[PDB]
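**Q** Sending over a structure as structure tokens; questions will come in a sec.
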Amino acid sequence: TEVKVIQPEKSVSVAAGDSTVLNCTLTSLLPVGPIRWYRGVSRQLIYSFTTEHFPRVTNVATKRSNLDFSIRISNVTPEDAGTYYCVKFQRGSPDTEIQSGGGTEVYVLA
Amino acid sequence: XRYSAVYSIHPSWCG
């Protein structure tokens with residue numbers, strides 16, 4: 001019954017200059033630990049979340065949005081093509097990766 | 001840079 005990292009799209013096609021969304025959701029925020037996005041597996045860190053939250057009042061959350069770790073790439077360039085993994089870690093000294101999504105490949109059109 | 005989170009519930013950062 002451990003946490004699952006869900007990347008629903010095996011691939012996304014995007015025109016250069018357009019924006020795209022890489023979807024990732026988790027079934028839980030536990031155990032505490034960041035969610036990070038990598039290109040490749042070698043791999044390149046591109047985005048990171050904590051499971052902490054901003055004060056709720058400054059949001060103008062839901063069960064689903066609290067678990068949505070999707071990222072956007074704006075103004076896509078050919079060098080954005082590749083496979084992107086959403087990865088959940090347990091917090092520690094140091095953190096250890098516990099689960100990875102299945103990868104989403106980004107196809108960039110001219 | 002050109003990377004952002006869809007949701008702003010959890011603090012997040014590129015890199």
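Residue numbering restarts at 1 for every chain of the structure tokens, chains are lettered A, B, ... in their displayed order, and ligands are numbered from 1 as they appear.
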Set out as a Markdown table a contact list for chain A and chain B with a cut-off of 8 Å, giving each residue of chain A that qualifies its closest atom pair and distance in Å to one decimal, counting only C-alpha atoms, ordered by chain and rising residue number.
**A**
```
| residue | atom | partner | partner_atom | distance |
| --- | --- | --- | --- | --- |
| A:21 | CA | B:6 | CA | 7.9 |
| A:45 | CA | B:15 | CA | 5.6 |
| A:46 | CA | B:15 | CA | 4.4 |
| A:47 | CA | B:14 | CA | 4.2 |
| A:48 | CA | B:13 | CA | 5.4 |
| A:49 | CA | B:12 | CA | 4.2 |
| A:50 | CA | B:11 | CA | 5.9 |
| A:51 | CA | B:10 | CA | 6.0 |
| A:52 | CA | B:10 | CA | 5.8 |
| A:53 | CA | B:10 | CA | 4.4 |
| A:54 | CA | B:9 | CA | 6.0 |
| A:56 | CA | B:9 | CA | 7.9 |
| A:59 | CA | B:9 | CA | 7.2 |
| A:61 | CA | B:9 | CA | 6.5 |
| A:65 | CA | B:7 | CA | 7.0 |
| A:66 | CA | B:9 | CA | 6.5 |
| A:68 | CA | B:7 | CA | 7.1 |
| A:69 | CA | B:5 | CA | 7.1 |
| A:70 | CA | B:6 | CA | 5.7 |
| A:71 | CA | B:5 | CA | 4.4 |
| A:72 | CA | B:4 | CA | 5.2 |
| A:73 | CA | B:3 | CA | 4.8 |
| A:74 | CA | B:2 | CA | 5.0 |
| A:75 | CA | B:2 | CA | 7.0 |
```
**Q** Please produce a file of the residues just selected, as a PDB file, in the first residue's frame, where the atoms kept are N, CA and C atoms.
**A**
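Just written: part_10.pdb:
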```pdb
ATOM      1  N   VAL A  21       2.519  20.635 -20.480  1.00  0.00           N
ATOM      2  CA  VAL A  21       2.395  20.241 -19.087  1.00  0.00           C
ATOM      3  C   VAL A  21       2.813  18.788 -18.995  1.00  0.00           C
ATOM      4  N   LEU A  45      18.444  17.175 -12.915  1.00  0.00           N
ATOM      5  CA  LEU A  45      17.377  17.698 -12.081  1.00  0.00           C
ATOM      6  C   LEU A  45      16.798  18.937 -12.738  1.00  0.00           C
ATOM      7  N   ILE A  46      15.485  18.981 -12.896  1.00  0.00           N
ATOM      8  CA  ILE A  46      14.918  20.178 -13.483  1.00  0.00           C
ATOM      9  C   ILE A  46      13.899  20.858 -12.611  1.00  0.00           C
ATOM     10  N   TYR A  47      13.287  20.194 -11.639  1.00  0.00           N
ATOM     11  CA  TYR A  47      12.292  20.882 -10.836  1.00  0.00           C
ATOM     12  C   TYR A  47      12.111  20.101  -9.538  1.00  0.00           C
ATOM     13  N   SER A  48      11.795  20.790  -8.438  1.00  0.00           N
ATOM     14  CA  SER A  48      11.661  20.190  -7.124  1.00  0.00           C
ATOM     15  C   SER A  48      10.506  20.809  -6.344  1.00  0.00           C
ATOM     16  N   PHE A  49       9.773  19.956  -5.637  1.00  0.00           N
ATOM     17  CA  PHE A  49       8.774  20.375  -4.685  1.00  0.00           C
ATOM     18  C   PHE A  49       9.096  19.829  -3.297  1.00  0.00           C
ATOM     19  N   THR A  50       8.718  20.606  -2.278  1.00  0.00           N
ATOM     20  CA  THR A  50       8.585  20.047  -0.935  1.00  0.00           C
ATOM     21  C   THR A  50       7.150  19.562  -0.728  1.00  0.00           C
ATOM     22  N   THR A  51       6.966  18.683   0.238  1.00  0.00           N
ATOM     23  CA  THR A  51       5.598  18.351   0.634  1.00  0.00           C
ATOM     24  C   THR A  51       5.033  19.320   1.661  1.00  0.00           C
ATOM     25  N   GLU A  52       5.826  20.270   2.159  1.00  0.00           N
ATOM     26  CA  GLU A  52       5.276  21.323   2.995  1.00  0.00           C
ATOM     27  C   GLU A  52       4.326  22.166   2.159  1.00  0.00           C
ATOM     28  N   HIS A  53       3.587  23.028   2.823  1.00  0.00           N
ATOM     29  CA  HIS A  53       2.616  23.846   2.107  1.00  0.00           C
ATOM     30  C   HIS A  53       2.708  25.294   2.537  1.00  0.00           C
ATOM     31  N   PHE A  54       2.371  26.171   1.598  1.00  0.00           N
ATOM     32  CA  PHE A  54       2.191  27.560   1.915  1.00  0.00           C
ATOM     33  C   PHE A  54       1.020  27.691   2.874  1.00  0.00           C
ATOM     34  N   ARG A  56      -2.423  28.150   4.152  1.00  0.00           N
ATOM     35  CA  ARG A  56      -3.603  27.843   3.348  1.00  0.00           C
ATOM     36  C   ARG A  56      -4.333  29.109   2.927  1.00  0.00           C
ATOM     37  N   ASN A  59      -3.741  30.821  -0.504  1.00  0.00           N
ATOM     38  CA  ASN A  59      -4.252  30.175  -1.706  1.00  0.00           C
ATOM     39  C   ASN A  59      -5.620  30.765  -2.032  1.00  0.00           C
ATOM     40  N   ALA A  61      -6.609  24.630  -1.651  1.00  0.00           N
ATOM     41  CA  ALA A  61      -6.196  23.268  -1.958  1.00  0.00           C
ATOM     42  C   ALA A  61      -7.402  22.324  -1.988  1.00  0.00           C
ATOM     43  N   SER A  65      -5.567  18.447  -5.764  1.00  0.00           N
ATOM     44  CA  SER A  65      -4.527  19.427  -6.071  1.00  0.00           C
ATOM     45  C   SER A  65      -3.369  19.353  -5.090  1.00  0.00           C
ATOM     46  N   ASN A  66      -3.641  18.931  -3.849  1.00  0.00           N
ATOM     47  CA  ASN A  66      -2.570  18.738  -2.874  1.00  0.00           C
ATOM     48  C   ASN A  66      -1.604  17.645  -3.297  1.00  0.00           C
ATOM     49  N   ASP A  68      -0.872  16.905  -6.690  1.00  0.00           N
ATOM     50  CA  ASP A  68      -0.566  17.095  -8.105  1.00  0.00           C
ATOM     51  C   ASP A  68       0.772  17.829  -8.220  1.00  0.00           C
ATOM     52  N   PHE A  69       1.754  17.145  -8.767  1.00  0.00           N
ATOM     53  CA  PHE A  69       3.127  17.616  -8.868  1.00  0.00           C
ATOM     54  C   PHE A  69       3.489  17.879 -10.326  1.00  0.00           C
ATOM     55  N   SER A  70       2.505  18.259 -11.113  1.00  0.00           N
ATOM     56  CA  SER A  70       2.709  18.504 -12.528  1.00  0.00           C
ATOM     57  C   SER A  70       3.488  19.794 -12.729  1.00  0.00           C
ATOM     58  N   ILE A  71       4.285  19.791 -13.795  1.00  0.00           N
ATOM     59  CA  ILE A  71       5.065  20.976 -14.141  1.00  0.00           C
ATOM     60  C   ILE A  71       4.726  21.416 -15.547  1.00  0.00           C
ATOM     61  N   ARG A  72       5.031  22.681 -15.829  1.00  0.00           N
ATOM     62  CA  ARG A  72       4.845  23.283 -17.134  1.00  0.00           C
ATOM     63  C   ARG A  72       6.213  23.651 -17.709  1.00  0.00           C
ATOM     64  N   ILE A  73       6.413  23.431 -19.008  1.00  0.00           N
ATOM     65  CA  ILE A  73       7.583  23.965 -19.726  1.00  0.00           C
ATOM     66  C   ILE A  73       7.058  24.999 -20.699  1.00  0.00           C
ATOM     67  N   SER A  74       7.489  26.238 -20.518  1.00  0.00           N
ATOM     68  CA  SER A  74       7.062  27.326 -21.365  1.00  0.00           C
ATOM     69  C   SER A  74       8.039  27.521 -22.518  1.00  0.00           C
ATOM     70  N   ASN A  75       7.504  27.931 -23.664  1.00  0.00           N
ATOM     71  CA  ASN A  75       8.290  28.352 -24.822  1.00  0.00           C
ATOM     72  C   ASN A  75       9.308  27.282 -25.227  1.00  0.00           C
TER      73      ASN A  75
END
```
**Q** Skip residue 17 of chain A itself and residues of its chain fewer than 3 positions away, then list as a ChimeraX atom specification all residues within 10 Å of it, counting only C-alpha atoms.
**A** /A:14,20,74-78,108-110
**Q** Okay, now the selection with N, CA, C and O atoms, as a tab-separated table (two decimals), in the first residue's frame?
**A**
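Written file, part35.tsv:
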```
chain	number	residue	atom	x	y	z
A	14	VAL	N	4.67	18.54	-28.75
A	14	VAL	CA	4.51	19.98	-28.56
A	14	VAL	C	5.25	20.71	-29.67
A	14	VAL	O	6.36	20.32	-30.06
A	20	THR	N	3.82	23.25	-22.62
A	20	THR	CA	3.27	21.93	-22.37
A	20	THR	C	3.28	21.64	-20.88
A	20	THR	O	3.97	22.29	-20.11
A	74	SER	N	7.49	26.24	-20.52
A	74	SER	CA	7.06	27.33	-21.37
A	74	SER	C	8.04	27.52	-22.52
A	74	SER	O	9.25	27.28	-22.38
A	75	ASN	N	7.50	27.93	-23.66
A	75	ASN	CA	8.29	28.35	-24.82
A	75	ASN	C	9.31	27.28	-25.23
A	75	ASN	O	10.52	27.53	-25.35
A	76	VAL	N	8.76	26.09	-25.49
A	76	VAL	CA	9.54	24.87	-25.68
A	76	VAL	C	10.57	25.03	-26.79
A	76	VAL	O	10.31	25.66	-27.82
A	77	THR	N	11.75	24.49	-26.55
A	77	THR	CA	12.89	24.48	-27.46
A	77	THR	C	13.22	23.04	-27.81
A	77	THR	O	12.89	22.11	-27.05
A	78	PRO	N	13.85	22.81	-28.96
A	78	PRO	CA	14.26	21.44	-29.33
A	78	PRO	C	15.03	20.72	-28.24
A	78	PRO	O	14.87	19.50	-28.07
A	108	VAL	N	9.31	17.33	-29.58
A	108	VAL	CA	9.25	18.73	-29.97
A	108	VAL	C	9.16	18.80	-31.49
A	108	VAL	O	10.04	18.29	-32.19
A	109	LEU	N	8.12	19.45	-31.98
A	109	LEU	CA	7.96	19.68	-33.41
A	109	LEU	C	8.64	20.99	-33.80
A	109	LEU	O	8.70	21.93	-33.01
A	110	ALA	N	9.14	21.03	-35.02
A	110	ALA	CA	9.75	22.24	-35.56
A	110	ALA	C	8.75	23.39	-35.56
A	110	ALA	O	7.55	23.17	-35.75
```
**Q** Hey, can you check how far atom CA of residue 80 of chain A sits from atom CA of residue 105 of chain A?
**A**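 A separation of 9.9 Å between them.
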**Q** Report, in Å with one decimal, the straight-line distance from atom CA of residue 1 of chain A to atom CA of residue 39 of chain A.
**A** 27.5 Å
**Q** Name the residues of chain A that come out as helix (DSSP H, G or I) in a backbone DSSP run; write them as JSON, numbers by chain.
**A** {"A": [56, 57, 58, 65, 66, 67, 78, 79, 80]}
**Q** To one decimal place in Å, what is the distance between atom CA of residue 32 of chain A and atom CA of residue 64 of chain A?
**A**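 These two atoms are separated by 17.5 Å.
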**Q** List the spatial neighbours of residue 28 of chain A as a list in words - criterion: any atom at most 8 Å away, only C-alpha atoms, same-chain residues fewer than 5 positions off excluded.
**A** residues 3, 4 and 67 of chain A
**Q** DSSP on the backbone, strand (DSSP E) only: what residues of chain A does that give? Format it as a ChimeraX atom specification.
**A** /A:5-6,11-15,20-22,25-26,35-39,44-49,71-73,82-90,96-100,104-109
